[PDB]
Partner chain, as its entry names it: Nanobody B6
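We begin with a single chain expressed as structure tokens, specifically the form deposited without the partner chain.
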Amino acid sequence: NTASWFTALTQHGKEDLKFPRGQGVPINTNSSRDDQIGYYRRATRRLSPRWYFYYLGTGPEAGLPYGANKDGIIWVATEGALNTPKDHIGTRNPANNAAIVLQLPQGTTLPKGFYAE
């Protein structure tokens, strides 16, 4: 029920989403180095699946610890991130804020059949 802060990654292909370690946390300048960790969750349909990012300890799978195994949940973190729930970041209120356009830093390797839109 809680909304992601970011727009989705579209799964235009076959394989499930996955990133190298250290990669895949959306850019968000209203979040600190401590805050750069969480999960993408594949959504159940409204066609190509969409994956949405949530900060660790927020959202549909807030109760999961990092790296926990669940179908349609994959984990990402940046070096420096604290392994704690991001209660102060939370999830987005669509009444107050539009989705942030999901952007990843230069070089980042999106898997085959994924694009930011």
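Residue numbers count along the first chain shown, from 1.
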For this session: Please say, as none, 1 to 3, 4 to 9, or 10 or more, how many residues of the deposited sequence are without coordinates in the interval between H88 and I89.
Result: none
For this session: Compare the mean C-alpha B-factor of 91-99 with that of 11-19 as given in the PDB entry, and name the stretch with the higher value.
Result: 11-19
Exercise. Hey, which bit's got the bigger mean C-alpha B factor in the entry, 107-115 or 2-10?
Worked result: 107-115
Problem set entry | Most elevated Cα B-factor in the entry, residues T58, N28, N83, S48 | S48
Problem set entry | Position of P65 among the chain's modelled residues by C-alpha B-factor, lowest, middle or highest third | highest
Exercise. By its CA B factor, does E79 count among the lowest, middle or highest third of the modelled residues in the chain?
Worked result: middle
